[PDB]
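One structure is given below, encoded as structure tokens.
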Amino acid sequence: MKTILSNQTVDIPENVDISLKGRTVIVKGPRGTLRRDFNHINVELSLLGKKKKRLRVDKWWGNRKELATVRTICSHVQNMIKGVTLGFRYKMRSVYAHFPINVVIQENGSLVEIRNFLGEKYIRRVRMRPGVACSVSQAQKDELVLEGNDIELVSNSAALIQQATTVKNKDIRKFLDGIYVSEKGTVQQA
Amino acid sequence: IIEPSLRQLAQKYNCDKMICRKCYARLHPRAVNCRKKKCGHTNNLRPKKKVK
Amino acid sequence: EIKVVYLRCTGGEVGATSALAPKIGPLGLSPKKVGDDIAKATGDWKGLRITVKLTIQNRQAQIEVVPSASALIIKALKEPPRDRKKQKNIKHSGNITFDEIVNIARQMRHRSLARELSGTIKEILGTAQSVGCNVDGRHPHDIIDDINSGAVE
Amino acid sequence: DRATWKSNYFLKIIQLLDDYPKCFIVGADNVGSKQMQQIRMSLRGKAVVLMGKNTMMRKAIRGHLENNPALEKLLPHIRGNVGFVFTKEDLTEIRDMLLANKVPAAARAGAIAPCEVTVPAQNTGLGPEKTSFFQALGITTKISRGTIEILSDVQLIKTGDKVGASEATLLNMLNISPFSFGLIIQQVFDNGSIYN
Amino acid sequence: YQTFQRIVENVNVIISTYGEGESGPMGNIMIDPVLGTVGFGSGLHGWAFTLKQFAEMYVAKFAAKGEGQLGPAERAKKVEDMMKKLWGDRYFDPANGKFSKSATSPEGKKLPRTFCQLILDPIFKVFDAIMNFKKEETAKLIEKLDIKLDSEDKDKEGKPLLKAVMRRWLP
RNA sequence: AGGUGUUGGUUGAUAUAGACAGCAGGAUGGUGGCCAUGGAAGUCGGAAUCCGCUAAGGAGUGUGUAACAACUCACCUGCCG
């Protein structure tokens, strides 16, 4: 049946200041600004209390299928707040069997010249997402640090260079090659 | 010729997946049913034959 | 150099179904002589496979009779020497002598890995029902007979 | 079943608390069943070690508050892994014997190590194995006359360092048990008086 | 270096396994890179070498001497000491100047291996310079290494030039 | 044939003496219980399926070994409820 009320309060800190207008909020803090629209889910927001200490969300008279979509938006908001305050640092390494994968960055952290992928003369130019700053760091064999604000953009920039290495219609059990994500965390320590 | 930890990391994403019987869909190995309409959510699964 | 190894020999009949080659191979002494010495030292067992310990010295190994659970029970249930072809259902059943039970439990107390004679008698009679027998009754009767009526030393 | 066993545990705790008004509180961390049996080989009958659910301990102490008021401060001392040791022999000897009878064993790959892993300068005493498991971790191994000897005593796992899976195989190959796992005493209860 | 050390160790395991003559019936039949048994080279271009040529070469540059070529003497003992110190964990760094037994630096820094720095590092530099075609590097490189070129190989560059330089440098 | 698609009944219990999650620790000695088998210990077969010992460890759930070795689980403990 239609459950009348299922609230979920969010205890935002003082450094994260928001100001809602309908279903569009703005998030500021130490670094990075992120905006996202919330017109599609059609819920009610309530920013209560003096000096804006906590947020409240409502979903009036929704069934079992519609109440399941309420908790995940809170997780997306918490991931956005974590990306504004701390950030997202994705570290990942390269795996090769015989032919090494020549990885170098071009156009100030927005293009990767992938060369010599398992003896193939074809090259790839996987462009990064806008906002994500790739950096090939030192003291390792292959180490590409990805840094940015939004979790969707950073994970998409990770997924493009992760699944760019595809072997077309061969034995993936024997051919074990590809660049994959190993480490995930934040930019600054909490 | 290859690092064993990075080899198992490559096994985690690609190879270690359950395979459906009817439609042979690639599924995560913590599933009870399939995720395809073409099979009809077949509960019967099989582990992928690993390399020896 | 002291090495301890187990040999599960048949003892009584000629056991061809065995694989004891890598044990005393690179040492130099023949394993057939060791198996014949174990089969001679058994003598009255004649039916069972016993993991006999070998205290291997510098010259030759020594013979130590290992008290097993089921093997001493089927030894107490005495039998004539049977055929070499080894027909199935060789497990015997009858009346085990309580003095023989005490004589086995004294060797178990010399082994010393249980309660003061009570856990030893109970762990012998627990294997006795797994083999299949009765000492004037089965193991639920033996638990009653051990409490306040058995010769607890 | 379990419903009779839960009620029998109340009879066990009331019998032990009526028999022995003196106890030791211990904590068992990562101990094996064979290690606990080797502890009971010494402390078989004179020291009874009892364990159970902490809420059932709390209900048992709330029940014993009506009978004996001397069992008062046992409620805030139940923290973490609490185990009772019922004995009426001595207070100063058993606290040394529990430190003495710790059983040595190897460390598991995944848990933290309490002590430092040290490899003494001694040959393996076997055939020549590979050096990929030893030289990759940091210990330099010079090969001289078949058996591989260790020259530099390089400590791999420190106090609090995470034990890896590749470095756990070399300890099993060398058959070295430097650690000493066992229970740690936390509180001492001596006739209505908790000392530490 | 560790890969070829594991290869030499596997060959030594094979010798110790199937050795019917163990240390005196046959002799010291174990493979040793110090004596000059392990041969490094590639016959596709033509260059191949042992340790004895570099043990003879580097003692003239650092630091003494010519001079008394005959005979089985201090010069040969210095060449044998050089080929002994090239193999093994004997680190070297030009900021220290002299030799060092410890793996760590006295100042608290990393010490490179001498088999890396003296041998494989200029080989990597000459392969890098020839494959990247840098004339300002290779002119002073030929002037340093004394490469005798008196033909059209000055104009001919690339893989035949690399093959000619390697065959002239290490027969 | 069905489908953790969704809406509704019945039975069976665990439960503030703290069940369901979720994260860790052992997962024992007699014993390698016996017959047979080239090996049966837990891993080709057939009957037993019990004790000392607890809080608990199955004559051992599964992966893997020629038999072992290695790893994992039910039953049992520490944290939250």
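We number chain C the same way Swiss-Prot does; the residues here are 9-161, in that order.
So how was this one determined? The header says electron microscopy, 3.2 Å.
Quick reminder: no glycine exception, Cβ is built from N, Cα and C everywhere.
Database features, via Swiss-Prot:
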type: MOD_RES; residues: C:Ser38; note: phosphoserine
type: CROSSLNK; residues: C:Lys40; note: SUMO2 cross-link
type: CROSSLNK; residues: C:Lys48; note: ubiquitin cross-link
type: MOD_RES; residues: C:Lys54; note: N6-acetyllysine
type: CROSSLNK; residues: C:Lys83; note: ubiquitin cross-link
The residue listed as 'SUMO2 cross-link': secondary structure state under DSSP, collapsed to three categories:
helix
In the structure shown, which of the recorded sites C:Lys40, C:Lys83 has the fewest Cβ neighbours within 10 Å?
C:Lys40
All-chain count of other Cβ atoms within 10 Å of C:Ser38 (phosphoserine):
10
Please compare the recorded positions C:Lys48, C:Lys54 by how many other CB atoms fall within 10 Å of each one's CB, and tell me which has the fewest.
C:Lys48
Rounded to a whole number, how many Å is the Cα of C:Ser38 (phosphoserine) away from the Cα of C:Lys48 (ubiquitin cross-link)?
16
Work out how many Å separate the residue listed as 'SUMO2 cross-link' and C:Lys83 (ubiquitin cross-link) at their Cα atoms, rounded off.
25
